[PDB]
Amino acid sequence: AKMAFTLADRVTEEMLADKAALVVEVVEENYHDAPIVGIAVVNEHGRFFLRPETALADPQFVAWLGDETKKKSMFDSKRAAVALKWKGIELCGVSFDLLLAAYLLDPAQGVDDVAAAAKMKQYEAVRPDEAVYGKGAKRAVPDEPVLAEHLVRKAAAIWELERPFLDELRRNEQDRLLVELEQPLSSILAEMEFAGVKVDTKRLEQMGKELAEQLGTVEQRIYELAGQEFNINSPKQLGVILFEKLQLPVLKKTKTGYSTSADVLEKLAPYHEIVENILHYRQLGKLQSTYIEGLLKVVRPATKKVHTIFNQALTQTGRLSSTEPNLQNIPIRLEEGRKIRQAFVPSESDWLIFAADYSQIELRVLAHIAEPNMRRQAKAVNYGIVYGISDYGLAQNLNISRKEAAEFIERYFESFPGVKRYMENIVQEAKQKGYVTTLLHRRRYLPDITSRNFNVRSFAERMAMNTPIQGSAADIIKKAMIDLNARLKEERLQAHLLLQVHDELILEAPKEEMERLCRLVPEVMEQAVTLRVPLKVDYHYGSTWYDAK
């Protein structure tokens, strides 16, 4: 733990080498419009700390950041790229991202800072971010010499760790996954996050006003039916009303008490009408709390845009997630909630929203590898069965007899015996190897799969059945986004990606480009990979996200 570096007062030529480890430090978890608090550069010529005020106003440094021929190794280059966009600076030339490298090597390690990645290779000449900045109300940027040393140590670690990580990825056949898929995707997600999605706040606020009135009415109806006021949003208080006051059957308990889950309340409808009202209330209350109030809280007022963060190194299957706000769980399944999407509008006048979704991509992937309310329920049966639902679960979902449920499942595998063999085989392989893989060589380790405990082992077995299929579908749409943006640029279209929702891409564009997108977007998505079955994509466009159906 003894490391020389220069705390620089100005940028010099030797800091602008054609290969460097670069650290552009943003301390806040949400990096949109967040302060850059320090910069570090490590290259052949040495180690350097720079003050942001200095470096980011220096024309040669800004030029270097933006020069794609000056290669930078980083950790979480998307965080830096976006933070720099908010500072009006383009970052190009990122050739290695240690966060994504660590994630591919083992998504279970949950690597979220350089220190945690460093530990994978017994590197310890660097501290955890939390140890440096502290947490919660105590979180603060430390004294410059302490900050400077930390950033340098992080850069130095990225510098030394690149080779060992690349070598391990190659040994796993994951080097191309990193360099040709995840890393190019990171720059594309950076663009999407910075672009944001415009919100119609006038419409959203009016929806909220009307929703409050409706909640009040439903609320009073429930109190009338129950014969008492109580907090409906407390499962504990609700349980007392349902199972003690009204004396309804107790169908399920959890560790804290009586279950009031939606599945349970639906099953209680033959006993008391109040349960349907409560389900409605809890639906409405989530709309109001999360998709009206919560969404308005994160709208940037001057532009009316919301800027999500797509976490690229979180899920265990290779999917993305979306936070603050989550734009991947906006309501669509019931018309009442679906109307929320009318509030998501194009960012320019005379533009339109365009949405394209793969149809049953996971089921097509499985076929390749293995060789309205009714239809909504039928989807859960299809995915449920292939992913290992039991007769109990299926019976409970269709409210049918366990005997009947067992016959459906038997008959299902009768129709698709190759799916059956595959699921048996993939489980045995996971037990032998200790991991499963996707089409593009993404990996998930499953060390619980030989467990002597039934529950623990069974969960791992079902991960073996599910992760390769869900993860392959993730691999595919990731490749489609890369291929799609290349085509957009090639044709000089103004259209651009706004969102990915697992098997869906959401774009905005001038109305004039709608005809071209109707051909281009589905073509690119369908051709991202060639399976033994065709990939099918549906697409629609309209004045709001709601109308793009």
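Numbering starts at 1 and follows the sequence shown.
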| item | value |
| --- | --- |
| Check: residue 262 without coordinates in a third or more of other entries | no |
| Missing-residue flag, residue 422, threshold a third of other entries | no |
| Absent coordinates between residue 371 and residue 372 - deposited residues affected, binned into four classes | 10 or more |
| Of 347-355 and 282-290, the stretch whose C-alpha atoms average the higher B-factor in the entry | 347-355 |
| Which of 252-260 and 381-389 has higher mean CA B factor, as the PDB entry lists it | 381-389 |
| Candidate residues 35, 38, 510, 66, the one whose C-alpha B factor the record puts highest | 510 |
| Member of 26, 50, 57, 514 with the greatest C-alpha B factor (per the PDB record) | 514 |
| Chain third (lowest, middle, highest) by recorded CA B-factor, residue given as residue 193 | lowest |
| Chain-wide C-alpha B factor ranking for residue 76, given as lowest, middle or highest third | lowest |
| Residue 243 - Cα temperature factor, lowest/middle/highest third of chain | lowest |
| Relative C-alpha B-factor of residue 501, binned into the chain's lowest, middle or highest third | lowest |
| Third of chain Cα B-factors occupied by residue 337 | lowest |
